[PDB]
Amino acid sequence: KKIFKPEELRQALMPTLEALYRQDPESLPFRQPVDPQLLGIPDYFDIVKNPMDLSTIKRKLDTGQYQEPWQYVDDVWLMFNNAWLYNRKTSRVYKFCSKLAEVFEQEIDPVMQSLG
């Protein structure tokens, strides 16, 4: 039973977020919030109720909004889940999402090792 102290957590989690950002081009569609007006997809917020993206995860990590690892993981998962939900499996964005989820599953493992 491990309970992370706040700044040990930020230092534990930030490398996993940097690993997502470092995927180029795969992280590019995820670096800023989806703007349905600019992209001419007005149904986006009908399907994606709770948007999430790397810039929002970064800001939340930087402002102590993740008190335990599972809250951070939840938001990362949410940004993947939204992208798989909204996009077709053949699309670049969908395949890029899968690449990032693959990276995340490797990079989050040491933190998970510490918890269990």
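What we label the rigid core is the largest C-alpha set whose atoms superpose within 1.5 Å from one form to the other. Counting begins at 1, following the sequence as shown.
Asker: Which of these two stretches, 95-103 or 8-16, has the larger RMS Cα offset in 6 other deposited structures of this protein when the rigid core is kept aligned?
Answerer: When 95-103 and 8-16 are compared in 6 other deposited structures of this protein, the bigger C-alpha shift is seen for 8-16.
Asker: Please indicate which stretch deviates more in 6 other deposited structures of this protein: 76-84 or 37-45, judged by C-alpha RMS distance after a core superposition?
Answerer: Looking at 76-84 versus 37-45 in 6 other deposited structures of this protein, the farther one turns out to be 37-45.
Asker: Name the higher of the two by mean Cα B-factor in the PDB entry, 20-28 versus 99-107.
Answerer: Result: 20-28.
Asker: Going by the B-factors listed in the PDB entry, is the mean over the C-alpha atoms higher for 87-95 or for 39-47?
Answerer: Comparing 87-95 with 39-47, the higher mean C-alpha B-factor belongs to 87-95.
Asker: Lowest, middle or highest third of the chain for the C-alpha temperature factor of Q65?
Answerer: Middle third - that is where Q65 ends up once the chain's C-alpha B-factors are sorted.
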